[PDB]
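This report refers to the structure that appears directly beneath it.
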Amino acid sequence: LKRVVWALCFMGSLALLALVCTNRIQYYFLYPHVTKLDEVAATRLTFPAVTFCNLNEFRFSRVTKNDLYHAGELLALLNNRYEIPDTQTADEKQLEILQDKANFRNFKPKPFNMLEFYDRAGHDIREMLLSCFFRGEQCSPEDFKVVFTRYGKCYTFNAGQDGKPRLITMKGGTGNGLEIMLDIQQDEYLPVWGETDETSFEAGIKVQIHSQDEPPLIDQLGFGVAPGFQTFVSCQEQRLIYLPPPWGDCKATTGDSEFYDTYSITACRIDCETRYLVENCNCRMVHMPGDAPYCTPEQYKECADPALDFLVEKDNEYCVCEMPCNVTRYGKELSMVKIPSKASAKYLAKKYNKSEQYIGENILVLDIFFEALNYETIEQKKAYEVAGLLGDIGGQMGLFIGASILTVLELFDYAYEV
Amino acid sequence: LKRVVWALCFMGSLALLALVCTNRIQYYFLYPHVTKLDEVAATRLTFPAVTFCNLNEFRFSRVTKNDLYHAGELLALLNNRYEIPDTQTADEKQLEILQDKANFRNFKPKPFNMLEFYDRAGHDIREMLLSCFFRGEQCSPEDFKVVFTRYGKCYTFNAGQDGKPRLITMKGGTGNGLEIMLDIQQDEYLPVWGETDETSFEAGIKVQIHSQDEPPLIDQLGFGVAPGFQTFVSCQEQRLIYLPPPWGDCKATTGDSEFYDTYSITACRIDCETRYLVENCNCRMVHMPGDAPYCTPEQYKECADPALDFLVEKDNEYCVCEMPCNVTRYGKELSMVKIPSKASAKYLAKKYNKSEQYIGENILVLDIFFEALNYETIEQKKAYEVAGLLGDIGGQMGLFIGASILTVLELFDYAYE
Amino acid sequence: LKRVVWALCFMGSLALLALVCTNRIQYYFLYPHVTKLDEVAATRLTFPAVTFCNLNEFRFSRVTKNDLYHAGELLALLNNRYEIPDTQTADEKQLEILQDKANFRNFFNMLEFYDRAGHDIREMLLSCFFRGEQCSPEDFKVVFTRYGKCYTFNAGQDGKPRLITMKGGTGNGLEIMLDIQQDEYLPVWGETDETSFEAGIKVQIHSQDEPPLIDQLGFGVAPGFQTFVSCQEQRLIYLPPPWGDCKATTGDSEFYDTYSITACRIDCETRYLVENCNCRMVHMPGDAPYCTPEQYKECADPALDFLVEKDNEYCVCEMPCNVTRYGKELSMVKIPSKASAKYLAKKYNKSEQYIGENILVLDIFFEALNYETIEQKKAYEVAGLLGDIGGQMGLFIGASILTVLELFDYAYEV
Ligand SMILES: *[C@@H]1O[C@H](CO)[C@@H](O[C@@H]2O[C@H](CO)[C@@H](O)[C@H](O)[C@H]2NC(C)=O)[C@H](O)[C@H]1NC(C)=O
Ligand SMILES: *[C@@H]1O[C@H](CO)[C@@H](O[C@@H]2O[C@H](CO)[C@@H](O)[C@H](O)[C@H]2NC(C)=O)[C@H](O)[C@H]1NC(C)=O
Ligand SMILES: *[C@@H]1O[C@H](CO)[C@@H](O)[C@H](O)[C@H]1NC(C)=O
Ligand SMILES: *[C@@H]1O[C@H](CO)[C@@H](O)[C@H](O)[C@H]1NC(C)=O
Ligand SMILES: *[C@@H]1O[C@H](CO)[C@@H](O)[C@H](O)[C@H]1NC(C)=O
Ligand SMILES: *[C@@H]1O[C@H](CO)[C@@H](O)[C@H](O)[C@H]1NC(C)=O
Ligand SMILES: [Ca+2]
Ligand SMILES: [Ca+2]
Ligand SMILES: [Ca+2]
Ligand SMILES: [Ca+2]
Ligand SMILES: [Ca+2]
Ligand SMILES: [Ca+2]
Ligand SMILES: [Cl-]
Ligand SMILES: [Cl-]
């Protein structure tokens with residue numbers, strides 16, 4: 001009778017050991033992770049890269065007759081037939097100027113390049129930048145690097161490219177960061193006389209705060225800043241460390257592209273776009289990098305834009321961009337105050353030779369800074385490692401039957417002898 | 001002497017095994033969890049539901065003599081004696097209109113319904129919606145579905161109700177989302193001539209971005225959008241998975257409510273409120289769902305409001321709403337640009353036959369989109385499961401005394417004799 | 001032949017036990033932690049303290065000839081030679097007033113000057129409502145910061161009970177209508193480091209346990225808008241060494257009962273300024289003597305800037321283990337509505353332009369009646385380590401602590 005109770009206890013114990021052990025094994029093969037959040041104080045923080053664009057792609061006063069000839073239909077100033085669209089709400093001077101520029105009689109077309117047009121017709125930082133201050137000391141327009149985006153000629157402060165050393169800040173708060181007073185030059189905006197999908201009614205700038213390791217993607221990752229306010233941006237540096245497969249989904253390998261030195265999801269996307277357009281249309285857009293020939297406005301109309309839209313719509317499998325394992329992101333909180341005060345409106349108007357109306361509808365102040373001298377860390381941490389797995393399997397294996405690997409080896413010994 | 005030192009080692013070892021084992025047991029019975037954060041890239045994202053209200057509950061030009069008679073005191077247009085308050089700082093025409101509507105001389109009232117009044121007097125989406133675009137293609141006012149909230153007649157785009165399929169976006173950025181130009185119709189706002197509790201000075205709209213599985217709750221979960229700016233809302237889809245008891249506190253079961261098909265904490269709140277008002281006052285407000293009769297403005301005055309306030313303070317224990325285990329939330333970052341530009345202001349003024357003053361103080365553009373084509377997941381994960389408990393207990397039990405469950409069974413066997 | 005493979009199996013198995021066991025040992029000695037996020041619903045939330053400053057340090061109409069004499073250079077109204085700045089873009093009345101006050105023919109405490117000349121809450125506060133009930137200016141407590149005379153609602157200091165809210169949403173919080181008094185702003189006639197073009201207020205929402213640090217931790221609120229602040233209460237619990245880096249022991253400073261990172265920072269600043277210049281600035285607390293404007297010019301400011309740059313290691317402030325933070329999302333609507341502009345202009349005896357350029361409404365509330373908890377939790381405790389070492393020790397060689405003791409015995413005998 002005792003051998004029966006022993007047999008039932010050993011059988012049930014071996015069954016429980018079986019299901020518990022297979023439980024821990026299956027849990028191990030899920031490759032699970034859990035998250036570790038930490039806050040690290042620092043005496044210094046590397047200041048991020050700040051890219052801003054004027055919402056107006058190019059200035060109206062800088063457009064020439066040749067530009068209307070080649071890129072007039074693309075720029076939406078002229079219709080398909082090289083004629084001005086409906087003149088509704090057209091200033092007499094502006095309409096006479098454009099009609100004169102669109103004469104096109106005995107006109108020998110000069111050679112045309114899209115990057116020349118954006119480079120010269122775009123808003124000049126030497127004209128927009130009314131004042132610059134970083135950590136209380138003056139900054140020059142030479143700190144801003146020219147970047148070409150979908151929005152046109154844009155500028156990146158502290159880009160850290162072309163051998164410039166990256167700036168640091170040793171104090172937090174509103175004073176100890178970037179602070180620029182800009183004139184968006186609303187007088188240079190393209191006149192809108194007829195409705196279009198590309199037609200926009202917005203006035204102001206677009207800013208993206210990003211690491212120097214990633215290129216700007218201002219059409220998607222930017223936020224707006226409106227004239228007439230000082231906008232405060234409190235930043236918090238976040239350092240992210242991810243896990244590669246099979247735990248998570250990250251690019252462990254650098255997987256460096258020909259266009260960009262450091263891998264970033266943004267660089268991977270704009271790389272995919274650049275390659276797709278170069279293969280499909282034998283030309284490259286203005287914002288894209290490399291050594292390919294830039295597209296002509298005819299190529300823009302008949303190939304480039306529908307090619308990108310078709311790439312977006314047809315299938316995402318062509319462009320699959322994994323996230324890198326080490327990522328520095330910047331968190332931000334926005335607030336606003338009114339500019340200028342009544343006590344300063346006249347002083348600004350006289351300092352820059354503008355009307356107080358113009359100052360009111362054209363001046364914006366951007367104040368980007370770190371809230372405090374610390375950074376957050378978000379790390380994916382492996383939840384079950386092989387040492388812990390063997391420890392748990394050994395513990396339960398010793399609890400239920402008290403056996404060891406040598407014991408099973410001895411049982412296989414007797415099985416071999418049989 | 002060897003057996004004595006052996007006895008000391010066995011005693012200390014058994015004590016340590018005791019305290020360590022009880023430690024792991026108690027830690028297991030705390031039912032602890034820890035959090036797993038992950039970020040997943042996706043080729044498509046299901047666009048959320050977007051509900052917006054005008055901050056002005058109903059249009060002044062659509063209020064009628066009957067409306068003033070029945071709900072004049074409730075709408076704050078008339079005083080306790082059904083008479084207009086002090087005419088100080090009142091435009092002559094504006095007051096002539098109100099005084100004419102409030103004559104009440106030889107006036108035979110008609111039947112009156114609060115929901116009819118909001119549906120007819122509220123701001124019409126066909127008039128507010130100056131332009132609509134989703135993923136670069138035009139949308140109609142018929143795409144917006146009428147929902148009644150505390151703010152009045154409100155509208156939900158991509159509501160996904162009445163059999164409509166939920167919309168997806170295949171690209172991120174400012175262009176590839178919802179983008180509407182709205183006219184808040186500040187000329188239709190209720191006149192403020194005298195101080196009152198209901199008096200508000202704001203003009204603009206209020207928006208809530210929410211999952212299709214939940215009804216809007218704009219009076220608490222909404223953010224404001226001001227005229228004269230194009231407001232960008234960058235959204236980040238978050239997928240949350242919680243743990244039920246005893247680990248955490250979530251609703252494991254569906255918890256079917258009569259009013260709503262899918263359970264949400266918001267639906268639970270307005271369910272508690274609706275049930276409470278139906279039980280105490282036998283009527284439901286306009287925003288509440290169901291088949292109960294709508295309240296009369298007298299019922300609003302003498303029962304509903306004090307009942308809700310008493311529900312807020314006295315019965316704070318009475319309404320306990322548990323959070324669902326799988327929740328889709330949307331995070332948002334707001335930014336603004338100025339509208340209109342000087343190059344477009346006059347074109348807008350002539351296109352919509354308005355003065356530039358009106359465009360300046362009445363037009364706002366709302367741009368809702370996904371920052372990137374990805375979503376975060378925040379999961380509560382069990383920190384100590386029974387397999388790990390048995391493994392640790394077996395490990396320490398085998399380290400300190402080398403015993404097993406069969407060993408303790410044999411000790412009870414020898415004790416049996 | 002069987003004993004040889006048995007011996008090799010024991011050797012390799014003991015090697016595996018060695019490397020796995022030392023693996024868990026090293027992992028335990030990393031003292032790792034992981035984060036536990038939770039969301040807790042509540043019937044009540046303690047409402048925070050809200051400190052705000054006007055961006056303009058002091059009112060122009062309240063400055064007097066004595067104030068111009070003593071603090072004229074510091075206030076930037078007068079130059080080094082006690083002369084009015086460039087007369088470009090100078091209001092005729094303002095310039096005549098300043099020239100009269102700067103007559104200096106036949107003609108001071110910093111805190112008296114800030115306390116009396118600063119913006120009075122009794123004039124700025126056009127309306128107050130908390131949870132739908134009226135509040136008075138007496139509810140705001142005066143705190144002196146770098147921006148000057150500032151005010152804290154629900155400060156909870158001097159034994160006042162902290163306010164609670166039993167409902168969430170825009171209505172059920174603090175709601176104040178303020179007039180920033182842009183006419184009282186210092187006239188700006190020449191470029192200066194202190195020269196500012198902003199108009200509005202700066203706010204910091206913080207727990208009553210920490211002092212305000214509004215010049216660094218504040219956000220702006222612009223006139224002409226009602227800005228909503230949705231708050232989410234977060235309760236954070238960190239780990240002390242060797243797990244993380246926290247101050248487990250409160251270690252309260254003499255100035256304030258409860259320790260906070262901000263309080264530690266301003267304490268370090270006060271101590272440094274007292275050591276180098278034997279005086280304290282207006283914002284600093286304590287019983288020390290306040291600086292004279294000459295002391296400000298020749299000692300205080302360069303001492304503070306040098307303290308910031310020269311020795312950042314000198315002030316090391318550890319973070320407390322229990323920290324209550326408040327998250328916030330801002331949004332705006334336009335104020336006043338066209339239907340209300342006339343009523344506001346007439347109610348407060350101002351022009352509609354003045355209302356447009358001077359009135360702001362601040363609405364601070366909890367989005368919902370819940371708070372988040374973020375806990376650092378120990379990932380490997382000594383019980384788990386001993387359990388794992390015991391499990392692998394029993395799996396690989398099946399030994400125990402008694403087995404190693406007996407091996408020491410048998411080795412001792414032979
Ligand atoms: C991610 O960044 C870390 C540095 O922050 C890189 O190197 C790590 O440096 C720390 C020093 O404290 C070591 O403890 C880690 O073991 C290092 N990790 C590695 C993988 O060497 C790390 O290399 C970076 N990872 C990637 C993929 O670039
Ligand atoms: C309403 O405002 C007017 C103008 O601001 C007040 O009249 C002046 O008030 C100032 C105080 O700021 C006095 O110094 C002037 O002497 C007043 N003079 C004139 C001619 O108005 C007026 O007192 C305010 N109050 C009322 C009830 O009208
Ligand atoms: C101000 O700028 C305009 C720009 O055309 C110029 O014509 C004018 O001469 C300038 N005035 C002064 C005083 O510089
Ligand atoms: C949660 O899962 C259930 C599964 O039946 C589903 O019906 C429900 O819609 C889900 N909720 C959310 C918010 O995804
Ligand atoms: C434009 O509005 C005016 C009144 O503001 C009206 O008289 C006129 O008929 C309107 N024109 C059109 C084309 O609707
Ligand atoms: C620290 O915070 C925890 C979490 O709310 C609380 O339980 C504990 O009492 C706090 N410690 C104190 C107040 O000393
Ligand atoms: Ca500044
Ligand atoms: Ca932070
Ligand atoms: Ca757009
Ligand atoms: Ca994100
Ligand atoms: Ca309100
Ligand atoms: Ca929340
Ligand atoms: Cl997992
Ligand atoms: Cl670690």
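We label chains A, B, ... in the order they appear in the structure tokens, count residues from 1 in each chain, and number ligands from 1 in the order shown.
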
So which residues of region 218-336 of chain B fall under strand (DSSP E) by DSSP, listed as a PyMOL selection string? chain B and resi 223-225+229-241+250-251+323-324+326-336

Test item: residues lying within 8 Å of ligand 11 with only C-alpha atoms and all ligand atoms, as a ChimeraX atom specification: /B:200 /C:170-171,175,363

So that I have them on file, write out the residues from the current selection with C-alpha atoms, as a PDB file, in the first residue's frame.
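again.pdb was written with the following content:
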```pdb
ATOM      1  CA  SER B 200     -17.916  83.271 -20.264  1.00  0.00           C
TER       2      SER B 200
ATOM      3  CA  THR C 170     -11.922  72.834 -16.858  1.00  0.00           C
ATOM      4  CA  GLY C 171     -14.514  74.145 -14.412  1.00  0.00           C
ATOM      5  CA  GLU C 175      -9.572  80.086 -12.702  1.00  0.00           C
ATOM      6  CA  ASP C 363      -7.510  77.868 -15.921  1.00  0.00           C
TER       7      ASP C 363
END
```

Produce as a PyMOL selection string the set of residues near ligand 10, where near means within 8 Å with only C-alpha atoms and all ligand atoms considered. chain B and resi 236+371-372

Please find the residues contacting ligand 2 at a distance of at most 12 Å between atoms, with only C-alpha atoms and all ligand atoms counted, and report them as a VMD selection string. chain C and resid 61 183 to 184 345 to 351 354

Would you save the residues from that selection as a compact mmCIF listing (two decimals), in the first residue's frame, using C-alpha atoms?
```txt
# COMPACT_ATOMS: atom_id res chain seq x y z
CA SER C 61 4.40 104.80 -11.60
CA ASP C 183 0.95 100.49 -19.15
CA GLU C 184 3.07 100.12 -15.99
CA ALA C 345 -14.12 97.14 -21.20
CA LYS C 346 -16.99 98.80 -19.31
CA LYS C 347 -16.83 96.56 -16.22
CA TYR C 348 -13.19 97.42 -15.46
CA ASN C 349 -13.22 100.99 -16.86
CA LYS C 350 -10.77 100.30 -19.68
CA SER C 351 -10.72 100.52 -23.46
CA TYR C 354 -6.61 97.76 -23.24
```

Residues at most 9 Å from ligand 9, using only C-alpha atoms and all ligand atoms? Could they come as a PyMOL selection string? (chain A and resi 197-202) or (chain B and resi 174-176+179+230+367)

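Contacts with ligand 3 are defined as any residue atom within 9 Å of a ligand atom, using only C-alpha atoms and all ligand atoms; the residues meeting this criterion are residues 350, 352, 353 and 354 of chain A.
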
Got a sec: who's within 6 Å of region 14-31 of chain A, counting only C-alpha atoms, leaving out chain neighbours fewer than 2 positions off, as an NGL selection string? (:A and (10-12 or 247)) or (:B and (387))

Once you have the residues from the selection above, write them out as a PDB file, in the first residue's frame, restricted to N, CA, C and O atoms.
```pdb
ATOM      1  N   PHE A  10       5.220  10.272  -6.712  1.00  0.00           N
ATOM      2  CA  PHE A  10       6.288  10.463  -7.687  1.00  0.00           C
ATOM      3  C   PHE A  10       5.740  10.802  -9.068  1.00  0.00           C
ATOM      4  O   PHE A  10       6.326  11.617  -9.790  1.00  0.00           O
ATOM      5  N   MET A  11       4.624  10.182  -9.458  1.00  0.00           N
ATOM      6  CA  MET A  11       4.045  10.478 -10.765  1.00  0.00           C
ATOM      7  C   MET A  11       3.509  11.903 -10.814  1.00  0.00           C
ATOM      8  O   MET A  11       3.811  12.658 -11.746  1.00  0.00           O
ATOM      9  N   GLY A  12       2.700  12.284  -9.823  1.00  0.00           N
ATOM     10  CA  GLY A  12       2.182  13.642  -9.787  1.00  0.00           C
ATOM     11  C   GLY A  12       3.284  14.677  -9.674  1.00  0.00           C
ATOM     12  O   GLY A  12       3.232  15.728 -10.318  1.00  0.00           O
ATOM     13  N   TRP A 247      14.687  39.809 -28.864  1.00  0.00           N
ATOM     14  CA  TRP A 247      14.006  40.498 -27.773  1.00  0.00           C
ATOM     15  C   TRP A 247      13.067  41.565 -28.317  1.00  0.00           C
ATOM     16  O   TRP A 247      11.848  41.502 -28.123  1.00  0.00           O
TER      17      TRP A 247
ATOM     18  N   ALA B 387       5.652  29.543 -11.332  1.00  0.00           N
ATOM     19  CA  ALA B 387       6.796  28.748 -11.769  1.00  0.00           C
ATOM     20  C   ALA B 387       8.096  29.300 -11.198  1.00  0.00           C
ATOM     21  O   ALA B 387       8.953  28.539 -10.731  1.00  0.00           O
TER      22      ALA B 387
END
```
